[PDB]
Protein chains: 12
Amino acid sequence: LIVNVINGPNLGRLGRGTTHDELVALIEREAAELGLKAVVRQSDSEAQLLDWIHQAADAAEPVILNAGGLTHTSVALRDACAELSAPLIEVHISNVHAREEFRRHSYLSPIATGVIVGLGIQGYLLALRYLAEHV
Amino acid sequence: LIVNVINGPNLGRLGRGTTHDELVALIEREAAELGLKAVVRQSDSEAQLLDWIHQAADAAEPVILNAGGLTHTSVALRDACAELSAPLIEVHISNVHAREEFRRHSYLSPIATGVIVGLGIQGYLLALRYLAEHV
Amino acid sequence: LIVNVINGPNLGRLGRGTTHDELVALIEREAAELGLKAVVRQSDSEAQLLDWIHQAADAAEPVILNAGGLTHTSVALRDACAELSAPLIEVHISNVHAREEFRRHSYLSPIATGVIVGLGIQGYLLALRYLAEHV
Amino acid sequence: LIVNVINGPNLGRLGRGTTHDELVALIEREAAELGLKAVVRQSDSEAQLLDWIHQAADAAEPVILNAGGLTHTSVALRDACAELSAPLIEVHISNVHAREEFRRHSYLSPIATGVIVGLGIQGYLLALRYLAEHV
Amino acid sequence: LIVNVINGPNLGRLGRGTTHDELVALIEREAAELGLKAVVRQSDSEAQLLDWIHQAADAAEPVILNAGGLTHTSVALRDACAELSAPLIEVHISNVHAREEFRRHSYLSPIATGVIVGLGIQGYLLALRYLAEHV
Amino acid sequence: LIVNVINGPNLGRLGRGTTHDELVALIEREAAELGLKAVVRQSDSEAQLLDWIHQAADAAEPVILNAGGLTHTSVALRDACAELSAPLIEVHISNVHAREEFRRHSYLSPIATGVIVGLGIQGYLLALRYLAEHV
Amino acid sequence: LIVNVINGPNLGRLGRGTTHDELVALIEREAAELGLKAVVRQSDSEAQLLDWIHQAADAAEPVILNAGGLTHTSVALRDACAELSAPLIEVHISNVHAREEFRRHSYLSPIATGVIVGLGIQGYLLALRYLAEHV
Amino acid sequence: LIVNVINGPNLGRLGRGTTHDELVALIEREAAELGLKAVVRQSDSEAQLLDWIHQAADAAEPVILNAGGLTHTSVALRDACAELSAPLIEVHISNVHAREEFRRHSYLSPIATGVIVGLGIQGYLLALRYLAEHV
Amino acid sequence: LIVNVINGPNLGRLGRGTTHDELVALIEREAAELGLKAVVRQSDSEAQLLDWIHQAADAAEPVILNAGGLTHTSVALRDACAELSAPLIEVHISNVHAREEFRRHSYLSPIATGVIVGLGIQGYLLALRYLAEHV
Amino acid sequence: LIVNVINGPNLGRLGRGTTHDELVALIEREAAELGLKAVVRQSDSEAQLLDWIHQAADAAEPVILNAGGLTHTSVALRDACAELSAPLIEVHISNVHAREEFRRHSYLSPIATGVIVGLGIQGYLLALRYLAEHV
Amino acid sequence: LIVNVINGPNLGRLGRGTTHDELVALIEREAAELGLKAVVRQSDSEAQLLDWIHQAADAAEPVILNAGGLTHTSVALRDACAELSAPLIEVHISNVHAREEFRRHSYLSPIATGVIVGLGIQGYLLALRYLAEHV
Amino acid sequence: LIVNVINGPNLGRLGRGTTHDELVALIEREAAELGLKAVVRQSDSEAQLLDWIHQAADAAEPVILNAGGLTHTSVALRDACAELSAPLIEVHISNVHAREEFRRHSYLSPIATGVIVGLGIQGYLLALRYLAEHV
Ligand SMILES: O=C1[C@@H](O)[C@H](O)C[C@](O)(C(=O)O)[C@H]1Cc1ccc2sccc2c1
Ligand SMILES: O=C1[C@@H](O)[C@H](O)C[C@](O)(C(=O)O)[C@H]1Cc1ccc2sccc2c1
Ligand SMILES: O=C1[C@@H](O)[C@H](O)C[C@](O)(C(=O)O)[C@H]1Cc1ccc2sccc2c1
Ligand SMILES: O=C1[C@@H](O)[C@H](O)C[C@](O)(C(=O)O)[C@H]1Cc1ccc2sccc2c1
Ligand SMILES: O=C1[C@@H](O)[C@H](O)C[C@](O)(C(=O)O)[C@H]1Cc1ccc2sccc2c1
Ligand SMILES: O=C1[C@@H](O)[C@H](O)C[C@](O)(C(=O)O)[C@H]1Cc1ccc2sccc2c1
Ligand SMILES: O=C1[C@@H](O)[C@H](O)C[C@](O)(C(=O)O)[C@H]1Cc1ccc2sccc2c1
Ligand SMILES: O=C1[C@@H](O)[C@H](O)C[C@](O)(C(=O)O)[C@H]1Cc1ccc2sccc2c1
Ligand SMILES: O=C1[C@@H](O)[C@H](O)C[C@](O)(C(=O)O)[C@H]1Cc1ccc2sccc2c1
Ligand SMILES: O=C1[C@@H](O)[C@H](O)C[C@](O)(C(=O)O)[C@H]1Cc1ccc2sccc2c1
Ligand SMILES: O=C1[C@@H](O)[C@H](O)C[C@](O)(C(=O)O)[C@H]1Cc1ccc2sccc2c1
Ligand SMILES: O=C1[C@@H](O)[C@H](O)C[C@](O)(C(=O)O)[C@H]1Cc1ccc2sccc2c1
């Protein structure tokens, strides 16, 4: 049943129109409809994100990860994610390919099962649906 | 109602386990469930793909495009796609970021609404669901 | 008398304000005024473009070529053009140097007699005038 | 017995001193001497080349491929060739390493069994002899 | 009526077969035929070229510029040219794309209306004709 | 009659299944069948390889060269080879294009008549056959 | 009145001759003389820096930021800073252009109002004076 | 007392809202308030700029330099500036890091004491204040 | 006597066969045998690592550092390490040169006394022995 | 018992304060203490180094290799080393990462078990201790 | 008899121990001893340097050129020098290869007969001696 | 009195019009005229070249070195040359800047006193004259 949705730096600033609280609500509802339980967490702290990924590795739970700016910069986060035995879906709200060049490289994409970008907050819900149809 | 799903070179070879015919069947069924009509087309010919994209531009219809190898190589296809006024969702079955470096660059991604990779054939169905919730 | 004007992919979409049909009309008129006969052809198919270039090589006729996106991508088209014994003038309607970086490289320019960009549809007429004053 | 020899764009222009027709004759004769049957095909159309490669994959037949300019540019052709279970020998008539830098990169060489360049039309005959001694 | 034609370093050396004096004569004649007045100036001094460009910016007059080697090297000249409100047409006599790699980059092309290269001295006359048909 | 076959560093380690001694035997036999005399030499010493190439230049004899790792690294060997007036055929047993990136560059290929890679030890025999049909 | 001065990693080590405490004293005094109130904060924690930047965005207050090593590495910090509606002045004590190449790139400079480097601790005081004369 | 403020090409065009004459006035006033004497000079001529820098080197006077486009292009200007024994402060009015990539490289910054960009004309006044507090 | 051994992100995950607790035990034992006292610390938090490095700089104690993914990414950690007056030995358990290209660059190696990679956990013990023989 | 220590070009010049003879003495003593027999060899000749590596491959003996300048340049040496079935430890006396950029790339490191740099001559002794604890 | 020695920007600053006046004296004396007449000129103005090179081209006289910083930056100077029919010897006083990377590229060296660097002022005298022995 | 002139690979092939023997004769004569004794040596063996450089380092004698292809490739030769306390003059007969790009980089030039290229065999004689006037 359990899927971890992990949001990295600055994702707490959503809607400052959907807020991060609203995003959690939307995800929890969709997960329930799909027969899943979503655990949604957000932090601006890389160490905190690492701890959540370590917990998902120890529990063999899937992860939907939007690492924010750390997507483009953190080898440490990639290394934690490499431990995951269940699926890892990378999600970005914006189309990172339509922006600055530095955003078009991800340390996570090569080790992710798959990647959804540019579909807004619905990307998280689509990632949930992938996991529901593959469990 | 209408969404065009356009598959480029080599996509006719799927399952030679899901075949291209089965993919069409799956897409048509999901579209029907979502209240859409999917028109699925495949060609190994760039000129044929261009014609289908031109038709979607003239009709102001959305496109889900898996251009195959042309993703990485064709400016002509990007230019045709730039004419689309409705959404363009790029889909790849494989995780192109986990493969050769040349596959990590797309001429289409910068002009697409969004991009789904690595989620298998379900990526097309998720793209349909995005379009259904945004119409 | 004879000059071949060859337009590549997407050039049939002009004005969808001058249409491709209007462009042909303008070119034919100017050619007539210059004492030339312009044969204007357009295709989205690389193979078709190659055939037209092969015919111009066999006839030792000049070519004004706007290869569209193939300018930036096709070695095959460059190789066909390398056979031309008469002048080859590359024309682009837009200023390809004021756009994306990938548009600033042409496989054709090194083998062309010369290149006109950014002067709109008048570029074709200026190319005709070059050929008229050099015949 | 059967070996497919596939020639890409511009190879029909040979000798416009050996013509493409003469090349076919030479190949068929050598194949016969080696106890093989050579099926020689040429097209300026990438889609046509893809279809021939798909047929060789379905038949588990070897391919001697001179893709012309598509060697340097086509991921789609590489992807079709990756399906071949029998040997793939890349042949170029000219020494592509003694020419422009862009000719020194091939999308096909990494997936080919081997590569012969610069030995003229005899390269095809040597490729046939490799296949005859390895069958 | 007025068009400024500005030639940069080494252009005074033309024909040392058309000389720079002959070029001025040819341009003035063509301008007269087109109903324009051409003011042709040449200098080996970047500061002098800048002053002429500043004058054209203050007068809102078009410029046909062949900056010679400064095309490839001068940000200062680009910055002066960015002030022009009327059209800027870059002209090179030689096909700069058929020469050394450093000649294939221009600081001016991205801010020019358009660019003519490789058409010899006729390039200036064609630039005049563009300006005459667009005034 | 005489063809020099020169093997560079590590080629003495073949089969430590064909050994270098067996390779010499195979080459000598094929040469005899073709009406040639093959002189096969191997050294791990660049200076020794240079001396053999100098001798072939002084005698105007062809060379089949597999320089081993020096292919990718030695300008001195390229310079010696540039003196050869008779054909130079570069041979590699492995497909150097299917390996590390550094193996895809050769200092020798631009000055070779042609290049055979990935066809195993038969590559040497095919090179002999090229030389026999071109003498 | 309020300006936030935010110092990143290692800036607490100043003078271990001006210490970080002395820097705060100097800044507070200058701000008072200029009719401003400076709030000076330092952390080695990226998450803490992000929180301070988020607070300045919510309050529409200017920021003088010396992000230390994060200048060169953190997309997350750039993204937080992109939310600021008031001016952002980047300050470095050392001349980062006179040091290692990696220090000559900043993720912050493109989104900053301006940048002062190499003027020592006086750079902060000059940034304050800019803000005082622009309020 | 004496500080040289040297402006390079195109800086005479300021306000064609602060004009170069107004800039001189503002600088002279601020210098007077700081107990300095500012000597402000502008030229579009690199040779003239070099002469002014040579004079400042011979007099051991500080320089505030805004070299305009020569910042990005002139080794000669860097070499003249390397002779200065007193401080060299590079100033740019615009934020050169928020513009084209070529503007993000300066030949002067590595040899300058420090660099101020993007603070408008106030940058010169802040540079003066640095020099006043360090004399 | 005192040596600080500092482990960065993900090193707490060792053996999830040697665990991080076992590593501490092994290091403490070897240090004791060498007449040293090892203080072993691990954190996933860059700020925490910085604090430990600052303490070692203030105490003039040597450091054996395995920064994990921060090796490849953190300028802040390099800057903290640059303050160390005693030796800094970089250790990696895996051979970072046999892995992805991004792992072959370290911000720490240029400022380290030396570097041990690929020798497993014994690398830490060898680093201790270096420090014991150099004290 | 047997470990081969192989030193490449210029290592005979050590101390011209530890000489190469002293290095051999130190290594032999440490090996004896560890229950190993060290065979230490040095040559300025790549061919000689290759022969020693071939002997170690045939004997399945470990190698501690300091290839000197050949580390950065020789594919032939890498290829010989790839044959080793026992461990290969690369040692450099100097910290090659603190020097010129060309020294930061090694053809050997990717195929080595591990690498020790910058620990002086003690690096060889530490490599011996690794081999003793892993036999 | 006549050789032109042309010095570019900043060369007038020599000895501010040999001065530029002393350099002229030394050159004139050596030229006289060699049976040549040296005409030595220096300017900080690119236009002036171009004029001197144009005069040498018109007179078919050799040139010894030390272009100072323009060596690395000026295509215009290269283009003027390309007109010279007599020898062009590039001289630099300093060893430009032992300095910043940007100094290791010269626009002039590819078109020069030869190049002398790092031999101090004697380089000019050696260039004279080359010209004397080749006239 | 003593100067070592060391020629690397392929230099024994000179005139196969001046031969290497003639070059030795010319050098010895010029050295005698200058009051020097030239010891001229040539080898195709890097190890032999290293030994000669080691001897010159031990004797504190100057070296004129034309390393042939090793100029562009050998770090080992650079490292031997770095030991020289007397001057090192690099000489190339050809203008290496007018040839292939790989020839425009030298491992030796940064550590040489100076470099002469493109002046033919006279370059060695000019190098001798530099050493004579600086002893
Ligand atoms: O941090 C990010 C950027 O650094 C990434 O390049 C893209 C990114 O992760 C994404 O689009 O999902 C984004 C999160 C992101 C996207 C939109 C908003 S609105 C307020 C915050 C916020 C954060
Ligand atoms: O052509 C492609 C590659 O050139 C792309 O890089 C990726 C790609 O478009 C995708 O994964 O969707 C793929 C289609 C693709 C993927 C799997 C199969 S199995 C038989 C055909 C086929 C085609
Ligand atoms: O295909 C192209 C682009 O791929 C090229 O980079 C530039 C190009 O060839 C040119 O500007 O002439 C252009 C044709 C081009 C330009 C404008 C229009 S409006 C409808 C079609 C169309 C096509
Ligand atoms: O198209 C090609 C070029 O684009 C490739 O770079 C090399 C190439 O495939 C090869 O040499 O075999 C060549 C075919 C080629 C070579 C010689 C001739 S003469 C008339 C046509 C033709 C085609
Ligand atoms: O200076 C130039 C070169 O630096 C540019 O790369 C190209 C260029 O501007 C052009 O071809 O118009 C050329 C002018 C150019 C072209 C031909 C001649 S013959 C005597 C002078 C001269 C100058
Ligand atoms: O040295 C080489 C490599 O350095 C080259 O990149 C490729 C190469 O020359 C080739 O494949 O012919 C190879 C010889 C080579 C190939 C196979 C074997 S098995 C024992 C030795 C050996 C040597
Ligand atoms: O961290 C930094 C470097 O990583 C940056 O490249 C430059 C930098 O931010 C700056 O010069 O302001 C510097 C702060 C910096 C500068 C000097 C000192 S002395 C003790 C600490 C410290 C920190
Ligand atoms: O020449 C320049 C550009 O080439 C530099 O990249 C930036 C630059 O020096 C700066 O911003 O100070 C600028 C001067 C500059 C800035 C604004 C204006 S408005 C009329 C002239 C002018 C000149
Ligand atoms: O984080 C790291 C990678 O990011 C580094 O590139 C290499 C690295 O520091 C090293 O090999 O020591 C590694 C620590 C590393 C190595 C093996 C394991 S098993 C569970 C954790 C873990 C951590
Ligand atoms: O040749 C080398 C350089 O080319 C390598 O880049 C580094 C290197 O192998 C190492 O430091 O071990 C060094 C050997 C080296 C190091 C120090 C000295 S003192 C006299 C000789 C010598 C040789
Ligand atoms: O301008 C130059 C630099 O820009 C070049 O990179 C090298 C250069 O041309 C050379 O060394 O000859 C030098 C002239 C040079 C060399 C030494 C001095 S001392 C006072 C002036 C001056 C000028
Ligand atoms: O080996 C070399 C090339 O590899 C270098 O790039 C340049 C080089 O050292 C030089 O020109 O002095 C040359 C020696 C060189 C130059 C001319 C001839 S004619 C017969 C041999 C030979 C060798």
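As the structure lists them, so they are numbered: ligands from 1, and atoms in each ligand from 1. Letters A, B, ... are given to chains in the order of the sequence lines, protein chains preceding strands, and every chain is numbered from 1.
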Please tabulate, one line per pair, the protein nitrogen or oxygen atoms found under 3.5 angstrom from a nitrogen or oxygen of ligand 9, with distances to 0.1 Å, or say none if there are no such pairs.
from: ligand 9; atom 1: 1 (O); to: A:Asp79; atom 2: OD2; distance (Å): 3.2
from: ligand 9; atom 1: 4 (O); to: A:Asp79; atom 2: OD1; distance (Å): 3.4
from: ligand 9; atom 1: 4 (O); to: A:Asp79; atom 2: OD2; distance (Å): 2.4
from: ligand 9; atom 1: 4 (O); to: I:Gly69; atom 2: N; distance (Å): 3.2
from: ligand 9; atom 1: 4 (O); to: I:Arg103; atom 2: NH1; distance (Å): 3.0
from: ligand 9; atom 1: 6 (O); to: I:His72; atom 2: NE2; distance (Å): 2.7
from: ligand 9; atom 1: 6 (O); to: I:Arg103; atom 2: NH1; distance (Å): 3.0
from: ligand 9; atom 1: 9 (O); to: I:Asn66; atom 2: OD1; distance (Å): 2.9
from: ligand 9; atom 1: 9 (O); to: I:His92; atom 2: ND1; distance (Å): 3.3
from: ligand 9; atom 1: 11 (O); to: I:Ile93; atom 2: N; distance (Å): 3.4
from: ligand 9; atom 1: 11 (O); to: I:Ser94; atom 2: N; distance (Å): 2.9
from: ligand 9; atom 1: 11 (O); to: I:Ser94; atom 2: OG; distance (Å): 2.7
from: ligand 9; atom 1: 12 (O); to: I:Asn66; atom 2: OD1; distance (Å): 3.4
from: ligand 9; atom 1: 12 (O); to: I:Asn66; atom 2: ND2; distance (Å): 2.8
from: ligand 9; atom 1: 12 (O); to: I:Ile93; atom 2: N; distance (Å): 2.8

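The two residues I:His72 and I:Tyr107 have their closest heavy-atom pair at O-CE1, 3.5 Å. Nearest heavy atom pair, residue H:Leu84 against residue H:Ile53, reads CD2-O, 3.8 Å.
Put simply, the residue from H:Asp51, H:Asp79, H:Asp58 that forms a salt bridge (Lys or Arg N to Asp or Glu O under 4.0 Å) with K:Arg13 is H:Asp58.
Once rounded to the nearest 0.5 Å, the distance linking CD1 of K:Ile64 with CG of K:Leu88 reads 9.5 Å.
K:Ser74 and K:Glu46 share a donor-acceptor pair across their side chains, judged by distance under 3.5 Å alone.
One N or O on the side chain of K:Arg104 and one on the backbone of K:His97 form a donor-acceptor pair closer than 3.5 Å.
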